[PDB]
file work.cif (mmCIF, C-alpha atoms and all ligand atoms)
data_input
loop_
_atom_site.group_PDB
_atom_site.id
_atom_site.type_symbol
_atom_site.label_atom_id
_atom_site.label_comp_id
_atom_site.auth_asym_id
_atom_site.auth_seq_id
_atom_site.Cartn_x
_atom_site.Cartn_y
_atom_site.Cartn_z
ATOM 1 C CA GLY A 1 125.672 -92.191 78.289
ATOM 2 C CA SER A 2 121.927 -92.466 77.736
ATOM 3 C CA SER A 3 119.721 -95.561 77.921
ATOM 4 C CA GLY A 4 116.454 -96.882 79.319
ATOM 5 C CA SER A 5 114.210 -99.077 77.183
ATOM 6 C CA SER A 6 112.361 -100.712 80.077
ATOM 7 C CA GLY A 7 108.760 -99.543 79.888
ATOM 8 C CA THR A 8 107.536 -99.316 76.302
ATOM 9 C CA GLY A 9 104.200 -101.042 75.789
ATOM 10 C CA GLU A 10 103.218 -103.798 78.209
ATOM 11 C CA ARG A 11 105.030 -106.873 79.524
ATOM 12 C CA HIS A 12 103.911 -110.230 78.125
ATOM 13 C CA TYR A 13 104.038 -113.916 79.055
ATOM 14 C CA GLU A 14 106.126 -115.890 76.564
ATOM 15 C CA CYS A 15 106.762 -119.637 76.714
ATOM 16 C CA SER A 16 110.113 -120.805 78.084
ATOM 17 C CA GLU A 17 110.147 -124.178 76.327
ATOM 18 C CA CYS A 18 109.727 -123.198 72.677
ATOM 19 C CA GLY A 19 109.964 -119.422 72.935
ATOM 20 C CA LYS A 20 106.463 -118.397 71.885
ATOM 21 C CA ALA A 21 104.931 -115.121 73.063
ATOM 22 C CA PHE A 22 101.431 -114.476 74.403
ATOM 23 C CA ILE A 23 99.375 -111.489 75.551
ATOM 24 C CA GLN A 24 97.694 -113.145 78.533
ATOM 25 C CA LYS A 25 99.212 -115.490 81.114
ATOM 26 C CA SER A 26 96.293 -117.927 81.199
ATOM 27 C CA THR A 27 96.342 -118.169 77.403
ATOM 28 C CA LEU A 28 100.008 -119.172 77.553
ATOM 29 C CA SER A 29 99.307 -122.006 79.992
ATOM 30 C CA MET A 30 96.830 -123.510 77.529
ATOM 31 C CA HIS A 31 99.788 -123.780 75.151
ATOM 32 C CA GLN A 32 102.651 -124.680 77.488
ATOM 33 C CA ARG A 33 100.615 -127.841 78.052
ATOM 34 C CA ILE A 34 101.771 -129.152 74.675
ATOM 35 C CA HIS A 35 105.198 -129.369 76.311
ATOM 36 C CA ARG A 36 103.841 -131.132 79.396
ATOM 37 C CA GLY A 37 104.793 -134.796 79.181
ATOM 38 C CA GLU A 38 107.861 -137.007 78.853
ATOM 39 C CA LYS A 39 111.313 -135.852 77.749
ATOM 40 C CA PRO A 40 114.330 -137.535 76.102
ATOM 41 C CA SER A 41 117.338 -138.765 78.079
ATOM 42 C CA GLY A 42 119.692 -136.119 76.724
ATOM 43 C CA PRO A 43 122.966 -137.843 75.777
ATOM 44 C CA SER A 44 121.051 -139.394 72.879
ATOM 45 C CA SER A 45 123.869 -140.218 70.461
ATOM 46 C CA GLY A 46 122.444 -140.455 66.956
HETATM 47 ZN ZN ZN B 1 105.811 -123.496 74.163
#

call {"tool": "encode", "arguments": {"input": "work.cif", "output": "structure tokens"}}
result
Amino acid sequence: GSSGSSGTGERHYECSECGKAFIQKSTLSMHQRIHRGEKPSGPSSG
């Protein structure tokens, strides 16, 4: 076999809440904030 696609370009910091992608880490934090806050119970039925 032949594979190895780990090293083409430059890693990036993408959000883990929504799934957005950013070039810089700090820049991402400024966004992730939007997620910072309260969250729903979960079992919300309806
Ligand atoms: Zn996000």

call {"tool": "residues_around", "arguments": {"input": "work.cif", "residues": "residue 26 in chain A", "least_positions_apart": "6", "cutoff": "12 Å", "atoms": "only C-alpha atoms", "output": "VMD selection string"}}
result
chain A and resid 12 to 15 32 to 33

call {"tool": "closest_residue", "arguments": {"input": "work.cif", "among": "A:2, A:29, A:8, A:24", "to": "ligand ZN 1 (chain B)", "atoms": "only C-alpha atoms and all ligand atoms"}}
result
A:29

call {"tool": "closest_residue", "arguments": {"input": "work.cif", "among": "A:1, A:46, A:9, A:19", "to": "ligand ZN 1 (chain B)", "atoms": "all atoms listed in the file"}}
result
A:19

call {"tool": "residues_near_ligand", "arguments": {"input": "work.cif", "ligand": "ligand ZN 1 (chain B)", "cutoff": "7 Å", "atoms": "only C-alpha atoms and all ligand atoms", "output": "ChimeraX atom specification"}}
result
/A:15-20,31-32,34-35

call {"tool": "axis_aligned_box", "arguments": {"input": "work.cif", "around": "range 29-43 of chain A", "padding_each_side": "6 Å", "output": "AutoDock Vina command-line options"}}
result
--center_x 109.9 --center_y -130.4 --center_z 77.3 --size_x 38.1 --size_y 28.8 --size_z 17.3

call {"tool": "atom_distance", "arguments": {"input": "work.cif", "atom1": "CA of residue 21 in chain A", "atom2": "CA of residue 41 in chain A"}}
result
27.2 Å

call {"tool": "atom_distance", "arguments": {"input": "work.cif", "atom1": "CA of residue 27 in chain A", "atom2": "CA of residue 11 in chain A"}}
result
14.4 Å
